[PDB]
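**Student:**
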Amino acid sequence: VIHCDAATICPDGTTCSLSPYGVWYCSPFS
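Mind the numbering: the sequence shown is residues 1 to 30 in PDB author numbering, read in order.
(1) Quick test of your reading: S17 and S30, contact by CB under 8 Å. State the CB separation rounded to the nearest angstrom.
(2) What is the DSSP secondary structure of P20, reduced to helix, strand or coil?
(3) Reducing DSSP to helix, strand and coil, say where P11 ends up.
(4) Take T8 and list the residues in its own chain whose beta-carbon comes closer than 6 Å to its own, dropping the five residues that flank it on each side.
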């Protein structure tokens, strides 16, 4: 999976992206 900051997990296939309000979310890429 995707931990990145080791504080938020993400589905295998998404990248760690920070929101304009400091919110870690998974963004799908290809």
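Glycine is no exception: its CB is placed at the ideal position from the N, C-alpha and C atoms.
**Tutor:** Reading off the structure:
(1) The residue given as residue 17 occupies position 17 in the sequence shown. The residue given as residue 30 occupies position 30 in the sequence shown. That pair is no contact at about 15 Å.
(2) Along the sequence shown, one-based indexing puts residue 20 at 20. If DSSP states are grouped into helix, strand and coil, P20 belongs with coil.
(3) Counted from its first residue, the sequence shown places residue 11 at position 11. Coil.
(4) By 1-based counting over the sequence shown, the position of residue 8 is 8. Counting only Cβ-Cβ distances below 6 Å, and skipping sequence neighbours, we find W24.
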